[PDB]
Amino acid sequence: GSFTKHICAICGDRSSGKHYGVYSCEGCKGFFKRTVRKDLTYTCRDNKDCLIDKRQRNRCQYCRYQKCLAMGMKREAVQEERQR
């Protein structure tokens, strides 16, 4: 198909579709899932308004997670571990 499918609302990278309620990339989907599953807590070393784009999304975990939430990601859409 087209090389254009969707775009990550958090960082601007390519996206195949929604994850946890929001168009997101493999990076931001994974980071959000791990954050929720492990109940990780982050702190911003700046002013809690760090810019999130593809090239600096890993610089501030606090602000990346806060943007995941602010763009609409749903904690409750993360499920329990399976093994199945």
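All residue numbers are counted from 1 along the displayed sequence. Rigid core (definition): largest C-alpha set, two forms, superposition within 1.5 Å.
Between stretches 71-79 and 18-26, the one whose Cα atoms sit farther from the displayed model in 8 other deposited structures of this protein on average is 71-79 (core-aligned, root mean square).
Averaged over structures and residues, the CA distance from the shown form in 8 other deposited structures of this protein after a core fit is larger for 48-56, of the two stretches 34-42 and 48-56. For the pair 66-74 and 11-19, the record assigns the higher mean C-alpha temperature factor to 11-19. Comparing 27-35 with 42-50, the higher mean C-alpha B-factor in the PDB entry belongs to 42-50.
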